[PDB]
Amino acid sequence: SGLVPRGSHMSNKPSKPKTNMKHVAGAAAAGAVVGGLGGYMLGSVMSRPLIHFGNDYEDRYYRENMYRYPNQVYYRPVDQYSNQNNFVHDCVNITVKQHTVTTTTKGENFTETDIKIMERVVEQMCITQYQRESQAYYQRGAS
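Residues numbered from 1 in each chain as written, not as in the entry; some residues may be left out. Heavy atoms only, no water.

With the PDB entry as reference, the protein is termed Major prion protein, source organism Ovis aries. The record for the entry shows the title "Solution structure of ovis aries prp". Among the UniProt annotations of the protein, the heading Sequence similarities holds the following wording: "Belongs to the prion family." (UniProt positions renumbered as here; feature names shortened; annotations may be inferred.)

Peer 1: Quick rundown of the UniProt feature "disulfide bond" in the protein? Include the residues and the values.
Peer 2: Between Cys-91 and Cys-126, where UniProt annotates a disulfide, the S-S separation is 2.0 Å; being under 2.5 Å, the link is counted as present. With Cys-91 in helix 3 (residues 84-103) and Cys-126 in helix 4 (residues 112-140), the pair connects residues that are 35 residues apart, well separated along the chain. Each of the two residues, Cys-91 as well as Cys-126, counts as buried. (Disulfide = S-S within 2.5 Å. Helix = DSSP H or I, 4+ residues; strand = E, 2+ residues; numbered from the N terminus. Buried < 20%, exposed > 50% of the residue type's maximum accessible area, 1.4 Å probe, protein only.)

Set out below in structure tokens:
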């Protein structure tokens, strides 16, 4: 018997870094205790409509209220339990704990209407997260 593990790093293949920022200063991130409990695979956005309210006030207030609250959802597949109804629960689970943290320094800044908006954006990330896995279940199994 013999153990023959794998690894892309074990090969020590020739790398090819293409970035000048590496040899250039600017900004840095501090906080060991922070990253120690981070490393989240939070999604991202660049193109396509996020909420697509359709109105001017909704899109205007939302754009300015983008910092008032998180618009993305935190990922955390590290869990044995699993359920459809509980699925979305995770989207708000991590979002809630992280949400209060942001308001731990202030406690209140957003307006009354901002809430109604924050509720929608949060419902889009939770609803869009579920459909995601669904695409895999549908393709592999077109019931």
